[PDB]
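Q: Numbering (the deposited numbering), first residue to last: 7 to 62. Quick one: the structure is below, and I'll ask about it shortly.
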């Protein structure tokens with residue numbers, strides 16, 4: 007499913023990935039309530055679950 011980046015986020019750890027507000031990301035894993043794995047363009051990593059909104 008797709009998610010919308012509500013805020014920009016700069017990765018701060020190896021598992022994280024950076025995104026820009028307005029970006030449309032592919033949701034890969036939402037099993038964690040605080041961090042969701044997403045694919046941003048061609049990169050994959052975690053971003054705060056609260057910073058994205060499911061479109062589906």
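Note that CB positions come from ideal geometry on N, CA and C, so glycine has one too.
Cα-Cα, which of 25, 26, 54 and 27 is closest to residue 38?
A: Considering only alpha carbons, the answer is 54.
Q: Looking only at C-alpha atoms, which of 41, 48, 59 and 26 sits nearest to residue 14?
A: Checked all of 41, 48, 59 and 26; the closest Cα to residue 14 is 26.
Q: If residue 9 sits next to residue 59, beta carbons under 8 Å apart, how far is it from one beta carbon to the other, in whole angstroms?
A: At roughly 6 Å, the Cβ-Cβ gap stays under 8 Å, so residue 9 and residue 59 are in contact.
Q: Give the straight-line distance between the Cα atoms of residue 28 and residue 46, rounded to the nearest whole angstrom.
A: For residue 28 and residue 46, the distance between alpha carbons rounds to 11 Å.
Q: Which residue or residues does DSSP assign as beta-bridge partners of residue 35?
A: Note: residue 35 sits in a beta bridge opposite 43.
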